[PDB]
Q: 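Have a look at this one.
Proteins get letters first, then strands, A, B, ... in listed order; numbering begins at 1 in each. Values below: all heavy atoms of this structure, side chains included; hydrogens, waters and symmetry mates excluded.
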Amino acid sequence: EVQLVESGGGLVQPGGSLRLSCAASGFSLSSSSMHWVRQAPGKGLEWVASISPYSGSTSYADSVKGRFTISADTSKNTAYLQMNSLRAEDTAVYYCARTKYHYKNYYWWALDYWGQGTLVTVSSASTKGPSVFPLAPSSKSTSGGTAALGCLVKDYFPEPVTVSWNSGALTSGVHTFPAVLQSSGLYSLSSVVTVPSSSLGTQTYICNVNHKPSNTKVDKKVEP
Amino acid sequence: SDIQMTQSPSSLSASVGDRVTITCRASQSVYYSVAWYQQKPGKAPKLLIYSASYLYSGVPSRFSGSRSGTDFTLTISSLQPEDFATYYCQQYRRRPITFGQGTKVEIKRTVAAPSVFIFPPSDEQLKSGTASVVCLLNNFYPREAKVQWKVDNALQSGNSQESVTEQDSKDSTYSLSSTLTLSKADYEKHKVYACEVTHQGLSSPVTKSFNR
RNA sequence: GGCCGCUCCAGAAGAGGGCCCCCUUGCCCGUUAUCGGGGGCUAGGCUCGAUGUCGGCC
């Protein structure tokens, strides 16, 4: 019944600007105060800004006082977050949320509907395609059990990459680790499989890396 | 002063059927102006409790909250499969609103030792001028493992990074990767590279090495 | 010394105000907005007063 679709986020360099838009459905903005809350990667939640469209009253966190501007447009039943002079500590998923207005309540309460968040990345990195190296089965396997092998996917930007093994023909035992931002602003990631050591000789293992935001497509054979 | 919300524990393991409690202390009194939220990975928070103990509509009655001074408790009477997620408290007695870091509610299972695998850098990478040494810890539990890198018996710091899967969809284990990145110059100055793993399921450390 | 006054300066000066704890808002209240009552600390810091070691005038 109630909906909150956010949009307008993405990738931007420090100093740059962005406009988030939280389109609401099923309720009127004038019966609500709207809020932006952010979740930096791996960290908790934090409140950015709020607005009450019925009155125009607005409020901001201190870290973003003077750079961000919340605003509403009730004819489009939509709220906006204008973000200027972005630093890298503004990188986060940005969730808008609603608190319903109740004429008997005397003050605002919890955030009772949330939208699914947009991602905002503030890096100086420039979109680059990944380099694929093989992670070879050891030339010392225990002789009669399982082996491990994989693909190393290094130096790509931005996320996400997607890995598959033998073009999807191999899913059992596949682990693709979450990507890691190295000390150079680029991402790195590994994907590994366990297979029987017997199959090492007479089964060829090829992983398929695909990075969309740079239209890259690799295919690496893994072999002793 | 911002009223801060401090949440413990950071995580915990339980099983379907368990009674589960999470707590959150406020830097100072917030009277009853605490709410509790549920969030599943990469998905929106949902509101469970407001006014420290009121059940927001549609929130299954298994959820309860209570107050003890500046201590706030969220309790799942009998734990369902849907309820493993991260839980956050929030205090709105004084603007600005503020959140605790969250309690992550993980699946309990038995201890499993990691199978450890070590991978030298590829000749391809070695030409580009860098060397990545990967060390893999497969299907272990609980999450707390330690991977110490030893280069010629010398212990390393600052030059590696770890990533860990979420709990496996079928057996609820973890897998972990640690990559020790060097420059090509440094990799060939040395001879023996070792990964040393310590975990509950391992009575003594598991070391795996190679030379070149 | 008289009369006036508070623009300034005093702190020699009340009352606002503020801070913390309790009561699920609990006399009446309440900005699309977090109060009231109770308990405890705040003084020269802000507003308003009062005052003179201040200012003016005859």
Q: Would C:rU31 and C:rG45 count as paired if we go with Watson-Crick or G-U wobble and both distances under 3.5 Å?
A: no

Q: State whether C:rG30 pairs with C:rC19, counting either Watson-Crick geometry (purine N1 to pyrimidine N3 plus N6-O4 or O6-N4) or a G-U wobble (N1-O2 and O6-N3), each distance below 3.5 Å.
A: no

Q: Would you mind checking if B:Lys46 and A:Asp112 are paired as a salt bridge, meaning a charged N to carboxylate O distance below 4.0 Å?
A: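 Result for this pair is no, no salt bridge flagged.
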
Q: When rounded to the nearest Å, what value does the distance between P atoms of C:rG37 and C:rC27 take?
A: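 It works out to 9 Å between them.
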
Q: Taking C:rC48 first: does it form a Watson-Crick or wobble pair with C:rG14, both atom distances below 3.5 Å?
A: yes

Q: Using a cut-off of under 3.5 Å, enumerate the N/O to N/O pairs linking the protein to nucleotides 36-42 of chain C.
A:
none

Q: So what does A:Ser57 hit on the nucleic acid, given a heavy-atom distance under 4.0 Å: a base, only sugar-phosphate, or nothing?
A: sugar-phosphate

Q: Within this structure, what is the CG-to-P distance between A:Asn105 and C:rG30, rounded to whole angstrom?
A: 15 Å

Q: Would you please determine if the base of C:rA33 is stacked by A:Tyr107, with stacking meaning a centroid separation under 5.5 angstrom and planes under 30 degrees?
A: no

Q: What's B:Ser29 touching, base or sugar-phosphate or nothing? Going by heavy atoms closer than 4.0 Å.
A: sugar-phosphate

Q: For A:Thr99 and C:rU32, is the shortest distance between a side-chain N/O and OP1 or OP2 below 4.0 Å?
A: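 Negative; the distance criterion is not met.
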
Q: Could you classify C:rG26 for me, syn or anti, using a glycosidic angle within 90° of 0 as syn?
A: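 Syn conformation here, the glycosidic angle of C:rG26 being no more than 90° from 0.
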
Q: How close or far is atom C1' of C:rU32 from atom CZ of A:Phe27, stated in whole angstroms?
A: 13 Å

Q: Answer yes or no: does a side-chain N or O of B:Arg95 lie under 4.0 Å from OP1 or OP2 of C:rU34?
A: yes

